[PDB]
Amino acid sequence: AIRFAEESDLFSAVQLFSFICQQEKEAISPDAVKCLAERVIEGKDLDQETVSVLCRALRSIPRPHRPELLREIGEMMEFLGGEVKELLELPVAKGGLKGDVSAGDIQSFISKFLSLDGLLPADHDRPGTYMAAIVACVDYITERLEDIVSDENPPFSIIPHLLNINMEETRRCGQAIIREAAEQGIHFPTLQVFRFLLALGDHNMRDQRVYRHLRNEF
Amino acid sequence: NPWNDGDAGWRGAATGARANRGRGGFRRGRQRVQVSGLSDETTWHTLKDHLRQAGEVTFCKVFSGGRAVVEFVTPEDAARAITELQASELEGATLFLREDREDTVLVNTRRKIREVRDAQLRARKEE
Amino acid sequence: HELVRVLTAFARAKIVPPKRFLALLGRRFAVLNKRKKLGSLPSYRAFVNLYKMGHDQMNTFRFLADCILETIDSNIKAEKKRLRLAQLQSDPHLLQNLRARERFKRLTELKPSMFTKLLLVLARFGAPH
Amino acid sequence: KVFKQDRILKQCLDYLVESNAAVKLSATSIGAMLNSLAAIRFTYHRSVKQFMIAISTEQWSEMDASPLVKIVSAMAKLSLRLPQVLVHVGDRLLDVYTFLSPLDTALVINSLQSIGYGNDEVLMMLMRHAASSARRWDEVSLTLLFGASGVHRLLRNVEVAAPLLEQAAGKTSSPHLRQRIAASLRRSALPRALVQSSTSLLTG
């Protein structure tokens, strides 16, 4: 890994990083991938599914090793946040997310990027680009809330992740999704209804339009 | 029923009151007799225990008021049970037994003895 | 109402529908319902249509039933509001039956002979009473 | 796996009582944990005793019979004779004894006999219940009952023993058990005619 900081290409570097992050604990060393950290951080344009692969590799860091590579994790966070921020406003002609039409495709992407938060400890801050990217996702879903829910595959699976984020801003979007659903009169299985009711209880949101729907559905 | 449309509900949920029934041990680390006069407390286990004295049982189900239906394994398990366990005593709930001599298949069995005899009767009437 | 008209014309021609397409229309009914509330009579029209070409998706029926109940509830609440505001200011058998019939028609916008079949089908579905 | 690592299980069983989590646990979970701890012959008995003491009176008041028999069996196989919990079990058994299956009665009789429980009237009522369902007993229940330690004392009255004596001769087939019951008959208060008649068919 020492020589591959300059004798490797970005695609090969990220593929090797993914392979190493997928390996078991007993054959993982920090110093090996600490160099790949600054090797793969540099990039210009990368496909959405490939950056999703990088997010998956970021997830796959073993938990005891995780505190050791916190700085590399933060640098990767900054890079991927900048890339997703540039990617959201790109048109669908170049694969950008603003020209997308479906609900599964996005929920496969913002779900990974939002679950990516659970890496840094609670007593630590978050990268500025990461927070701005979360804000960008919130705006991108609030601008087209109506078509996402009306799909045959509703996006409700993304609801918990936004509520997992300490960021309050995300709670407004999470509540807005179920608000539009209540104004749409959808039906849910009883387990999902109870889960949403518990989520209402924990974060003590004070919306009234969804209160009637939750009461009738419970 | 259609309004359930496959929703398991709270009966099939994973509530803490459901794992209590699971007394397995948590080891591996994850033709039919109509019987009346029983007590509603009488479990199906006690039902099988009492009426297996006559013959083996595949299915059995209780109803409110002591009415219950039991399906036998073989016709011999029935031919003995229809007349042996009548008015026997169990848990202060002396049983009274009736047997559905007509079956969902035996009705079609009776259809032909009905119709050929009807043809004979018609021949008699014509003559 | 255009989609309800589409449904009743399709029923008039007695075609064999692509049931998935009907379910998609039923789902979009609630999308359009936000702009303008669907009437009780059009909603029951759609109910009897989707009944008579063998639709079995439940949720489409549930939305229409809840819409009809919502219309009835809103009418009753408006009547009670009027009576409360009035409070805040401070053969003979036919003679009796005319008031009941007019109140029924004013409230649910439908005959009893057809309300009593909507309740019949809802009971048939096994909905919680 | 029958993995004997008691020095590890001691940590978990200390944690269960340190956090006061032994009281809110479901009864079935307790009846499985203790039965499992009675499978590898646990050694640090004092911690198990402190675990047993923690559960309060409210819990014993309405436990189902099926976890209760598991708990008493786990206590017996662990060779525990706690005084103030046996009275709870004894008075709680007053209300649910009719619901016990024949296997449960057979298990309860020997589980109580092996722990030195000496409240005679409850064992007599259990024996009466067992004799009531005498026609409903299979071979395993006969082995668990007639093979109990010191069963001679539980052969007291004539009408509480005869109803099950026949079934014993008819069903069980191991000669060793036949000789055991024949020998045990001689140390009871049953009359000589009945003892002689029973041993006339039992021995074999």
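Read-outs: derived from the displayed coordinates by stated rules, not from any lab. Backbone-built Cβ (ideal geometry, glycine too); neighbour counts: all protein chains shown.
Remarks
- Using θ = phi - 60° in the Karplus curve 6.51 cos²θ - 1.76 cosθ + 1.60, the 3J(HN,Hα) couplings for the range A:118-125 round to x, 10, 7, x, 5, 7, 10, 7 Hz; x is entered for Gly and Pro.
- Among residues other than A:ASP31 with Cβ under 15 Å from its Cβ, the summed charge is +1 (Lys and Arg +1, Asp and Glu -1).
- With K and R counted +1 and D and E -1, the other residues having a Cβ less than 10 Å from that of B:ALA93 yield a net charge of -4.
- Counting every alpha-carbon pair across chain A, the share separated by more than 29 Å comes to 35%.
- With contributions of -39500 (n - 2.57) from each DSSP H run of at least four residues, the per-residue ellipticity at 222 nm computed over chain A stands at -18000 deg cm²/dmol.
- Per-residue shielding of C:20-28, expressed as the average number of other chain Cβ atoms within 10 Å of the residue Cβ, stands at 1.
- Neighbour counts of C-beta atoms inside 10 Å place A:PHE196, D:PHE99 in the sequence D:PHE99, A:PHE196, starting with the fewest.
- The average projected area of the protein assembly as shown, computed from the convex hull of its Cα atoms over all directions, is 57.3 nm².
- A:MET131/C:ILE15 FRET efficiency (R0 41 Å; Cβ-Cβ; nearest 0.05): 0.15
- Shielding by partners - mean other protein chain Cβ count within 10 Å, residues of B:16-28: 3
- Listed residues D:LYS49, D:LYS24, D:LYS70, most fluctuating in chain D (Gaussian network, C-alpha, under 10 Å): D:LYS24
- Chain C, helix-only ellipticity at 222 nm - DSSP H runs n ≥ 4, -39,500 (n - 2.57), divided by all residues, nearest 500: -26000 deg cm²/dmol
- D:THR43 paired with D:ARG153, simple spin-label distance in nm, labels 7 Å along Cα-to-beta-carbon: 3.3
- Cβ crowding within 10 Å ranks A:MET76, C:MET58 as C:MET58, A:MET76, fewest other Cβ atoms first.
- When the Cα positions of A:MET131, A:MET77, A:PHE196 are compared along the charge dipole of the protein assembly as shown, A:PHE196 comes out farthest toward the positive end, with charges on each C-beta of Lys, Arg, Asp and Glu.
- Cross-link partners of C:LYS19 among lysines (Cα-Cα below 16 Å; sequence separation of 8 or more within a chain): C:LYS52
- Summed side-chain charge close to D:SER173 - residues other than D:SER173 whose Cβ falls under 14 Å, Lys, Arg +1, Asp, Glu -1: +1
- Modelled label positions at A:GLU169 and A:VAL92, each set 7 Å beyond Cα in the direction of Cβ, lie 2.6 nm from each other.
- Only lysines eight or more places from A:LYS98 in sequence, or on another chain, were considered; those with a Cα closer than 17 Å are A:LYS85.
- Rg/Rh for the range A:56-166 (Cα atoms only, Rh after Kirkwood) is 0.99.
- Helix A:48-59 axis, angle to chain A major axis (alpha carbon atoms, nearest 10°): 80
- q = 0.11, 0.19, 0.23 Å⁻¹, the range A:115-218: log10 I(q)/I(0) [Debye, one scatterer per Cα]: -0.36, -1.01, -1.36
- Which of D:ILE109, D:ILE8 has the fewest Cβ neighbours within 10 Å, and the rest in rising order: D:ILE8, D:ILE109
- The Rg/Rh ratio of chain B, with Rg taken over Cα atoms and Rh as the Kirkwood radius over Cα pairs, comes to 1.19.
- Under 28 Å from the Cα of B:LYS112 - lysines, other chains or at least 8 residues apart: B:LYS125
- Based on alpha carbons, the Rg and Dmax found for the range C:34-101 are 17.6, 55 Å.
- Partner shielding of A:183-193 amounts to 5, given as the average count of beta-carbon atoms from other chains within 10 Å of each residue beta-carbon.
- Percent of Cα pairs exceeding the 14 Å cut-off, where the set is the range D:114-154: 53
- The GluC sites (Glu not before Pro) of the range D:1-92 that meet both conditions, a loop assignment by DSSP and at most 16 other Cβ atoms within 10 Å of the site Cβ, are D:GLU62.
- Rounded to whole Å, sorted largest first: equivalent-ellipsoid semi-axes of the range D:126-180, Cα gyration tensor: 17, 14, 10
- Sorted on the mean count of surrounding Cβ atoms within 10 Å across their residues, most packed first, peptides C:49-55, C:9-15, D:179-185 read D:179-185, C:49-55, C:9-15.
- Temperature 10 °C, viscosity 1.306 mPa s: under these conditions the Stokes-Einstein estimate for chain C, based on its Kirkwood radius over C-alpha pairs, is 95 µm² per second.
- Calculated P(r) tail over 20 Å for the range B:52-121, as whole % of Cα pairs: 44
- Helical mean residue ellipticity (222 nm; -39500 (n - 2.57) per DSSP H run of 4+; nearest 500) of chain B: -9500 deg cm²/dmol
- Among the chymotrypsin sites (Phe, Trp or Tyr not before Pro) in the range A:1-79, none sits in a DSSP loop with a Cβ that has at most 14 other Cβ atoms within 10 Å.
- Relative intensity, log₁₀ I(q)/I(0), of the range D:73-144 from a Debye sum that treats every alpha carbon as a point, q = 0.24, 0.28 Å⁻¹: -1.18, -1.45
- Values of log10 I(q)/I(0), in the order q = 0.17, 0.18, 0.22, 0.30 Å⁻¹, for the range A:5-48 under a Debye, Cα-only, solvent-free model: -0.48, -0.54, -0.76, -1.17
- C-alpha long axis of helix A:70-88 to longest principal axis of chain A, angle in °: 60
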